[PDB]
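Peer 1: Have a look at this one before I ask anything.
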Amino acid sequence: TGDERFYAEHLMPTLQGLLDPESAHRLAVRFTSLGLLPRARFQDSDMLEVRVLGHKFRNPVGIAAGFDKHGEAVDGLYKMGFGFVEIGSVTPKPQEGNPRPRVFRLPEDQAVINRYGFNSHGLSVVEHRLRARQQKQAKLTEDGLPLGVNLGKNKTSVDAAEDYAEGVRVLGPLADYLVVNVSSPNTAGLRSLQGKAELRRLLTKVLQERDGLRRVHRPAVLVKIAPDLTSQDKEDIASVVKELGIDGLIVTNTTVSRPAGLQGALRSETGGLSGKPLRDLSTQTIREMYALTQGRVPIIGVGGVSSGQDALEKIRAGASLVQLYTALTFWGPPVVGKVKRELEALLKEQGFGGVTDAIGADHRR
Ligand SMILES: COC(=O)/C(C#N)=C1\SCC(=O)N1c1ccc(C(=O)Nc2ccc(C(C)(C)C)cc2)cc1
Ligand SMILES: Cc1cc2nc3c(=O)[nH]c(=O)nc-3n(C[C@H](O)[C@H](O)[C@H](O)COP(=O)(O)O)c2cc1C
Ligand SMILES: O=C(O)c1cc(=O)[nH]c(=O)[nH]1
């Protein structure tokens, strides 16, 4: 479209040039929360609907965690055309996160590096924010627009599992799904929660807390993993997920790797790398987890999606749904409709009746 070109070729390069990436993020959150967004001209077709996690999703393209950390822009994000919204990560207590600067744009790589460190308004603030629009959300959910909440842990916590359990109790009742994010690269020790008898201990506690919520307030629980896992870690996670009946996986978080070939001047900043360089690392991790789980565990695929092709690759690899984030700094909001339009076109071109028919299609080749 005309908006797609104007945003990618003019508005975003201008914004990028005037504002550092953190400031641009904050402005984006404000604009979105006010609905100051281009028209989402795209009308979701029936072919894009997916049923998974105990819900209808009008389209399979969601906003990944980290854009709306504190639940300030949820309605705006639906207005953008996302089929689902995930907020967070939210930590139990408020916390500032790392010192500034902590977000870096790598334009030559279509990538970003961030070390936010779980900056969060905390559970109580977010709880109240979601409660103010709880019924508005229940209507959205019923209409195929669900809400996920991603739960973190505070930097100085002495009991990680207890942080997550607090999150389940406070925000679980307000969410269609919860995410245990045990994959931020930017909280010391966090990704060690991805190992075995200990991941099983953590997840058992989170599920117990979830199962204690009243039925209408009982979310699905997903685990979000990194793209930097060993084969051993992957196998272990798949094992535990099956054993405990975790509802789904989010694959992947950002990478602590630095693929060969990055050009940006800021490539050696500490933090998680997102965007194009993560893309195929993420697709491959979807592929592997789909096979380890025998296609029985729904996957939300995320990392470097900026086109329909990138979305379809993840779906065919085993994702039921996809998310994006970093593409917005390069393309802006029009990327959402672009992705959806392109995905629909490809699905038709490859002889799929809808998204659902494409899920895991590469494993049946
Ligand atoms: C002066 O600013 C504007 O005009 C904005 C904004 N601001 C406008 S006019 C209509 C509109 O749609 N906008 C907008 C632009 C970009 C984003 C965005 O999502 N930006 C964005 C910024 C940074 C990142 C990271 C670097 C954190 C990944 C991601 C997205 C969202 C909204
Ligand atoms: C600036 C920034 C902040 C993020 N914060 C979070 C977070 O709080 N929790 C989380 O689970 N993921 C977070 N992510 C990871 C994204 O959810 C996503 O997994 C990753 O960026 C890959 O998708 P993308 O390439 O489309 O950005 C963040 C990513 C970025 C770029
Ligand atoms: O807050 C952050 O630093 C953050 C969290 C997360 O899960 N992933 C990420 O890339 N950054």
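Chain A residue numbers are taken from Swiss-Prot; in order, the displayed residues are 31-395.
Using N, Cα and C of the backbone, Cβ positions are placed for all residues, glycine too.
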Peer 1: Per Swiss-Prot, what member of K86, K99, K109, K306 joins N144, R145, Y146, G147, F148, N211, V212, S213, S214, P215, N216, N283, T284 in binding substrate at one site?
Peer 2: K99
Peer 1: In Swiss-Prot, the residues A95, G96, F97, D98, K99, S119, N180, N211, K254, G305, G334, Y355, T356 are said to bind FMN. Which of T234, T282, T386 is said to bind at that same site?
Peer 2: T282
Peer 1: Excluding near sequence neighbours, so keeping only residues 6 or more apart in the same chain, what lies with its CB under 8 A of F97 (FMN binding site)?
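Peer 2: Expected: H55, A58, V59, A103, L107, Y355, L358.
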Peer 1: So which of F97, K99, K254, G305, listed as binding-site residues, have a Cβ under 6 Å from an atom of ligand 3?
Peer 2: none
Peer 1: What recorded positions among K99, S214, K254, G305 are found with a C-alpha within 10 angstroms of that of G147 (substrate binding site)?
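Peer 2: Within 10 Å Cα-Cα: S214.
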Peer 1: Which recorded positions (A95, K99, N180, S214, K254, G305) fall within 10 Å of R145 (substrate binding site) by Cα distance?
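Peer 2: Near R145 (substrate binding site) by Cα: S214.
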Peer 1: How many Å lie between the Cα of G305 (FMN binding site) and the Cα of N283 (substrate binding site)?
Peer 2: 11
Peer 1: For the FMN binding site, please report the maximum Cα-Cα distance among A95, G96, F97, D98, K99, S119, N180, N211, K254, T282, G305, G334, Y355, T356 in Å.
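Peer 2: Pairwise Cα check on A95, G96, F97, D98, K99, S119, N180, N211, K254, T282, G305, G334, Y355, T356 gives a maximum of 20 Å.
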Peer 1: I need the least crowded one of these binding-site residues (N211, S213), counting other C-beta atoms within 10 angstroms of each C-beta.
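Peer 2: Counting other Cβ atoms within 10 Å of each of the binding-site residues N211, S213, the minimum falls on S213.
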